[PDB]
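Okay, so here's the structure we're looking at.
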Ligand SMILES: O=c1ccn([C@H]2C[C@H](O)[C@@H](COP(=O)(O)O)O2)c(=O)[nH]1
Ligand SMILES: O=c1ccn([C@H]2C[C@H](O)[C@@H](COP(=O)(O)O)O2)c(=O)[nH]1
């Protein structure tokens, strides 16, 4: 079926992955170098073998397109995929006055009471970011995230560059260009950042009036991460095509280090027991073509009938 | 044999490559997304099916390691791989006083007399760059080439960053790092440059004490370019390992747009008639480990017995 590459990726990592000590504490079965390609004319590569919350994919991607970098948009759409990154700044704040919260996550995955204290706290933080404008502006703004990297690369002469906005024009005027690249990797930031970009760089390609996209991902979590990345980029490939009045080609997902944390082995084996079903169908608002001004309403998924969700401990 | 992936790449591009109109005039058979991997413990991937001048590979790579950007080093080693890039600046110079030389290359590949005028000129230019220090400093310095991108990325606060020098340390202190990346793609330069980097970004990877490297190449000339790129990077993989006292793993060559200009079809078909031979063996100076201070003498190739060279018109 349409999603088999993903399953083959997991199968292969189990078979010939080497035990590599991940920086955390959790070991990993990893491989270096791998490429998968999904034909977008056959179906949206949203996995049928395990329920993946498409809402979190749309909301987050749109956030990126707007060149946004403030959690607020996310919380406004019930999206917490990025909370912890902003929250950390709060607890590290010279202004923070409350419980310990140090090395949380790690200890939040152990002490049950702490987990409750930590959750009560985070809730108050999310509330603030939603109502207090000064606060949101202060801690709710991540800064160097995908949004500004794609839409506001910072120039030497204090300028800012709209990598994407420019590439899309490039596609329209030079469809056969081999320079339709967007990088999220910047040397002067890379060392100081808490988390250098995982989706490091991508390339668009046009031919026969079909649009393909290649994503070089330096590091990946085969079980908890990849299923989401496939959708974000399959969808972005759709959005750019929609605006460019072009058809969709394929999504080529190239990997650097692909890994499967040891605490997910049982879960991935179980998923493999399952048999893929026909893929869902994406549908974008025909009356709308400016993909930046897009909103949730303008992107719909049809016939997504997955197997139940598989739960697993996030390794950290 | 060791080099089969390269042949399979050419075979495949011939079979299912689409006629894509290359920006030049020469058409191309291209494909998007492709990955090849060479196991470096079996042999140096220097092609046996066609004579490839290793000298031009060594000299040029070393040039890069020194963080050099001035043609002079190259001409000093009888290397002209970069002349035209510097030469163009000469003819576009407000100081240039001599023959037309406009849209050369194109017209140098047509008019035989012009080709001779053009060659006489270039010779005088190469001579100047070798003896006139002011001149060399002025036109012999390319500026934004691989050397400075790897060794002198320009920071906002006027600084410069030694991407490579840092990554190599990173390998030594954090061998299991998934952030051993070096980018040659910079957004603020990319539009103004005459030729944005083809070898866009690479990643090192260490495991079981073996060192691998992945090269994302956005655009490639299957016939005239790829055989050289395989060597440059296979060798760099060797040099870093040598300094890091690590073994060699594999070279993974990921492609964006792989193409074969139409004026090379007959030549590639001929090469395919040939049958690969045992690969040569690289050997690096054991008494020397600082790969930046390296020189020609410290890198040797053993048993390279190729088929004769295949000549073909450079498309431009
Ligand atoms: O959806 C996601 C979120 C995170 N990561 C993972 C990749 C690594 O497991 C970790 C980053 O580790 P470093 O590469 O920074 O060392 O985050 C994914 O692959 N997918
Ligand atoms: O050794 C070399 C030298 C040059 N190129 C080619 C790639 C393209 O044919 C051309 C650059 O075209 P653009 O990508 O800039 O459009 O130079 C190679 O692949 N290998």
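For this deposited structure, the header notes the method as X-ray crystallography, 2.5 Å.
Just so you know, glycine gets a Cβ as well, placed from its N, Cα and C.
What Swiss-Prot lists as active site, nucleophile is B:198, and the listing cites sequence analysis. Positions annotated as (6R)-5,10-methylene-5,6,7,8-tetrahydrofolate binding site by Swiss-Prot, on the basis of sequence analysis: B:221, B:315.
In this structure, the CA atom of residue B:315 ((6R)-5,10-methylene-5,6,7,8-tetrahydrofolate binding site) is 16 Å away from the CA atom of residue B:198 (active site, nucleophile). Cβ neighbour count for residue B:198 (active site, nucleophile) (all protein chains, 10 Å cutoff from its Cβ): 18. In this structure the alpha carbons, written CA, of residue B:221 ((6R)-5,10-methylene-5,6,7,8-tetrahydrofolate binding site) and the residue listed as 'active site, nucleophile' are 10 Å apart.
Cβ neighbour count for residue B:315 ((6R)-5,10-methylene-5,6,7,8-tetrahydrofolate binding site): 20 (other Cβ atoms within 10 Å of its Cβ, all protein chains included). Look at the residue listed as 'active site, nucleophile': DSSP puts it in coil.
The local packing around residue B:221 ((6R)-5,10-methylene-5,6,7,8-tetrahydrofolate binding site), expressed as other Cβ atoms within 10 Å of its Cβ over all shown chains, amounts to 20.
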